[PDB]
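Sending over a structure as structure tokens; questions will come in a sec.
One-based numbering, in listed order, for ligands and for the atoms of each. This chain uses plain numbering: 1 for the first residue, then up along the sequence. Below, each value reflects all heavy atoms present in this structure, side chains not excepted, and no hydrogens, waters or symmetry copies.
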Amino acid sequence: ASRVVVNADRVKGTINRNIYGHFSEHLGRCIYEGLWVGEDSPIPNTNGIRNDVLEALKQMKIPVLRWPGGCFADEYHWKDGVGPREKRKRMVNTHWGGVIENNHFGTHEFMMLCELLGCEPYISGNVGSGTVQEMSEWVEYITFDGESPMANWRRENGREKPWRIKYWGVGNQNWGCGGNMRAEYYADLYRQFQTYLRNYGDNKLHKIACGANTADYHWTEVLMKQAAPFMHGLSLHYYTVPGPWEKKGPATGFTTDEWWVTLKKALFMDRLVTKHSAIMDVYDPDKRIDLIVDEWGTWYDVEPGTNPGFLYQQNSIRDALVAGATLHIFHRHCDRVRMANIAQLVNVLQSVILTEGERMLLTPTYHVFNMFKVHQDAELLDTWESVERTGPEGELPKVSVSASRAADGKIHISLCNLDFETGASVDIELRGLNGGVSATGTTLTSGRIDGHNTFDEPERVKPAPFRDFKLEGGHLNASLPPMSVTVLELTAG
Ligand SMILES: OC[C@@H]1O[C@@H](O[C@@H]2[C@@H](O)[C@H](O[C@@H]3CO[C@@H](O)[C@H](O)[C@H]3O)OC[C@H]2O[C@@H]2OC[C@@H](O)[C@H](O)[C@H]2O)[C@H](O)[C@H]1O
């Protein structure tokens, strides 16, 4: 059995709710159809945004949403997306299908979406092909409460008082699609651009510099050495890609080897965060600067017969395990990691939701985010563990476990069983509790390693009650189902 000791009276820090963040690019059907259907759509909607998706995302408690992209954000000229909707310019979505963007979803529609969702906006500005004045004017347009060409324009377009926004990304993937820049050059641009992004009124911008791709430690070193005093956060991008880029593998119908490889690569997040954080510690020992993992998740070959530029992929219990295990990694590093954004909210990459016209389904990934929402802004509890191994040559931990205490005093313990073949015995010792407790549980599992939901069968994989445990005086013994994500709730009394 795996052994876990939860020290309920020992708080290790706060799990920022933004660790549970999301990301929606103008790519494929993430924005159009996935969210924006238009006010005159036969699809039931609120001001042009489909209701089924809205309600599901509200239930999930989305904390923050990144927009309008990765790559698209460094091609975007925000002025194209404001003004009378019917008069907005077209565009060439160069990176993603080479299709035409109608700009009907723009700044006002995105702010409205965030308000409808109850989430924070995180906007990514254009460095690669934009100018300093253009980005500065966007911030002014959004946040300025006085009179000026930009503020007046905002009011004309129907938003009288300024919006508040905290998170502002000063360019995306500038080492690549954002201009193929050396770190030294981007650091100079970053320092210049950020100078002109002001705090107007009561707004306080948290300026985020473009961070490393995967294991590019040199990028982190340069950006920290050259630009630390001018940033409030530094990003990191890491996708879980089973096979070579040229042939990543399928989202469903994959082999056992692909199961193990996928989970092994997902867990590499821990090494990356650890090593990037170590460099950040050298230049920023007080940990003032956030590490922001603003693109992560699995990336497979798209579904057969679909446009590879649209990145539509299915989503299975394998993805749920990647999501659960990775979120636990963020928990462990919550002293430095204060936001993460899983790549792509709807119809794109590792989505929580997929739509097909008026129909939608919730993926196993959605269910993980919904079950784990109890960790948002929770206090991380000290836990010691000794877990059995699983997979080829015991390369994987059998179980991943995290415990937190919510503001209402309830304790949540979440556990992932990475082995698809057998259940996992976990003995959890509860210490420093004070009173006594009772427990309920919920578990997300499947009977197939590629178990997934479809439009005809939207509920093939979904949470269910979990009762296979015993709680007896300071000890909670659980038998986790194979390939499962489980959440236990302990209440006083
Ligand atoms: O979310 C979609 C898209 O993803 C981001 O750009 C991705 C990269 O992050 C990806 O990085 C690779 C990760 O694995 C590493 O080993 C490797 O060295 C990295 O290069 O590479 C591809 C890129 O997607 C391309 O975006 C441009 C488009 O024209 C291509 O078709 C895509 O494949 C973006 O930030 C975000 O838009």
Short N or O contacts of ligand 1 with protein, under 3.5 Å, listed by atom name?
| unit_1 | atom_1 | unit_2 | atom_2 | d |
| --- | --- | --- | --- | --- |
| ligand 1 | 1 (O) | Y239 | OH | 2.7 |
| ligand 1 | 1 (O) | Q344 | NE2 | 3.0 |
| ligand 1 | 4 (O) | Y239 | OH | 3.3 |
| ligand 1 | 4 (O) | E295 | OE1 | 3.3 |
| ligand 1 | 6 (O) | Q173 | OE1 | 3.3 |
| ligand 1 | 6 (O) | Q173 | NE2 | 2.6 |
| ligand 1 | 9 (O) | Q173 | OE1 | 2.6 |
| ligand 1 | 18 (O) | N213 | ND2 | 3.4 |
| ligand 1 | 29 (O) | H95 | O | 3.3 |
| ligand 1 | 35 (O) | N172 | ND2 | 3.2 |
| ligand 1 | 35 (O) | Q173 | OE1 | 3.3 |
| ligand 1 | 35 (O) | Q173 | NE2 | 3.0 |
| ligand 1 | 35 (O) | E295 | OE1 | 3.1 |
| ligand 1 | 35 (O) | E295 | OE2 | 2.8 |
| ligand 1 | 37 (O) | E25 | OE1 | 2.6 |
| ligand 1 | 37 (O) | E25 | OE2 | 3.1 |
| ligand 1 | 37 (O) | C71 | N | 2.9 |

Test side chain to side chain contact (heavy atoms under 4.5 Å, CB included) applied to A266 - qualifying residues, sequence neighbours left out:
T240, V322, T326
Do the side chain of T220 and the main chain of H276 share a donor and acceptor less than 3.5 angstrom apart?
no
Is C71 close enough to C177 that their SG atoms are under 2.5 Å apart?
yes
Please list, chain by chain and in numerical order, all residues satisfying side chain to side chain contact (heavy atoms under 4.5 Å, CB included) with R17, sequence neighbours excluded.
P63, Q376, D377
Parallel, tilted or perpendicular for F254 and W259, by the 30°/60° rule?
parallel
Residues that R88 engages under side chain to side chain contact (heavy atoms under 4.5 Å, CB included), provided they are two or more places apart
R85, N103, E109
